[PDB]
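Presented as structure tokens, the chain that follows is alone, the form deposited in one PDB entry.
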């Protein structure tokens, strides 16, 4: 049986300077059943409950103060500003290399035309030495 559930799982472009850019045209990544990726945002095709998730991986070669943030935001139709749905702050430095993963997840009622963004404050600290470390997705329940 073929599912018609709006789903997305986009991955970060490891070659995008000073930014966390989401791609669907990669192995084990997808945009299906109405979900679109427009201006680095996931656009919701229909109203309903959705599971929203994102993971980023930060890495630094040592400690030089550094604040790392990762946020999933929602912009509703006819609105312009992002309202935080999920957000986390980490302080990796309280020269050995440090690693800081941030995982955000939750269930949210979304409306048709909503735009979701998964953003960070310090893309200079993003790590891409391996696949599956930086991602963002939604699944209609």
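Residue numbers count along the first chain shown, from 1. We call the rigid core the largest set of C-alpha positions that still match within 1.5 Å between the two forms.
- Compared with the other entries of this protein, residue 94 is frequently left unbuilt, missing from a third or more of those that build its neighbours.
- According to the entry, the stretch of the deposited sequence that connects residue 94 to residue 95 contains 4 to 9 residues lacking coordinates, which leaves a gap of moderate length in the model.
- Taking the PDB entry as given, 2-10 carries the higher mean Cα B factor of the two stretches 2-10 and 132-140.
- Between the stretches 95-103 and 68-76, it is 95-103 that shows the larger average CA temperature factor.
- Of the candidates 15, 117, 21, 121, the one whose C-alpha carries the top B factor in the deposited record is 15.
- Among the modelled residues of its chain, residue 32 has a C-alpha B-factor that falls in the highest third, as given in the PDB entry.
- Ranked by C-alpha B-factor against the other modelled residues of its chain, residue 63 falls in the highest third.
Not pictured, yet referred to below: the form deposited in another entry.
- After superposing the rigid core, the C-alpha of residue 103 moves by less than 2 Å between the shown form and the other one.
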